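Data block below; observations after.
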Amino acid sequence: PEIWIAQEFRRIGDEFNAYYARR
Amino acid sequence: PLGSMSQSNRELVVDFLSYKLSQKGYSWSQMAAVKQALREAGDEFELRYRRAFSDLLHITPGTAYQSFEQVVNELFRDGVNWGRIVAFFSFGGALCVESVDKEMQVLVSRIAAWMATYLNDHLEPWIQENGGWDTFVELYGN
Ligand SMILES: [Zn+2]
């Protein structure tokens with residue numbers, strides 16, 4: 001199960017990083 | 001064991017003052033200014049991605065750390081950045097919320113310590129070459 005969640009947190013946490021990185 | 005009644009009284013006075021300075025564009029310390037920045041990056045993270053916090057997964061005190069040390073390993077599997085560190089923190093918060101949802105409160109104290117020592121032994125390095133915390137504050141403050 002879990003692995004998929006760790007992956008998910010890697011993703012949305014990149015969308016986020018992208019956001020404040022672009023600013 | 002119990003520490004100073006004055007150190008207790010001073011700790012609250014010092015807390016309530018930082019908050020008022022942070023609101024008026026000041027900060028007691030680098031530690032105070034970083035805390036608030038993370039608190040708000042966190043809520044911002046919560047807001048943007050509430051979907052992915054749901055019911056996360058046979059949460060028992062039994063395989064708790066095991067299941068924990070693995071999600072985090074996987075999280076930074078191929079590198080750290082400012083967004084994953086936030087992804088990291090917000091992750092511990094729900095565990096603590098979802099844990100007290102089962103009276104597993106006792107799991108909360110242990111959780112904190114897994115993060116502090118991980119962030120110390122593994123997140124601390126990256127953070128340091130990458131500008132410091134001061135750098136985060138600028139990217140993620142307000
Ligand atoms: Zn005690």
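Each chain in the structure tokens gets a letter, A, B and so on, in the order shown; residues start at 1 in every chain, and ligands are counted from 1 in the order they appear.
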Distance limit 7 Å, atoms considered: only C-alpha atoms. Which chain A residues sit that close to chain B? Return them as a PyMOL selection string. chain A and resi 2-3+6-7+9-10+13-14+16-17+20-21
How would the residues just chosen look if you wrote them out with C-alpha atoms as a JSON list (two decimals), in the first residue's frame?
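In the end it all went to out.json:
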```json
[["chain", "number", "residue", "atom", "x", "y", "z"],
["A", 2, "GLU", "CA", 2.15, 2.83, 1.41],
["A", 3, "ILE", "CA", 4.73, 3.29, -1.39],
["A", 6, "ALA", "CA", 5.10, 8.40, -0.49],
["A", 7, "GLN", "CA", 5.10, 8.84, -4.26],
["A", 9, "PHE", "CA", 3.67, 13.28, -1.39],
["A", 10, "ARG", "CA", 6.71, 13.54, -3.62],
["A", 13, "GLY", "CA", 5.19, 18.54, -2.80],
["A", 14, "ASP", "CA", 6.82, 19.24, -6.15],
["A", 16, "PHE", "CA", 4.29, 23.19, -4.37],
["A", 17, "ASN", "CA", 8.06, 23.58, -4.66],
["A", 20, "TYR", "CA", 7.37, 29.18, -4.72],
["A", 21, "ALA", "CA", 10.37, 28.46, -6.93]]
```
At a cut-off of 12 Å and counting only C-alpha atoms and all ligand atoms, what residues surround ligand 1? Please answer as a ChimeraX atom specification. /B:1-3
Rounded to one decimal, what separation in Å do you get between atom CA of residue B:37 and atom CA of residue B:137? 6.2 Å
Name all residues at most 12 Å from residue B:17 (count only C-alpha atoms; drop same-chain ones fewer than 3 positions away) and give them as a count of residues only. 15
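Between residue A:8 and the candidates B:51, B:107, B:38, B:15, the tightest atom-to-atom separation, counting only C-alpha atoms, involves B:51.
Here the question is which of B:97, B:33, B:6, B:110 gets nearest to residue B:65 using only C-alpha atoms, and that residue is B:110.
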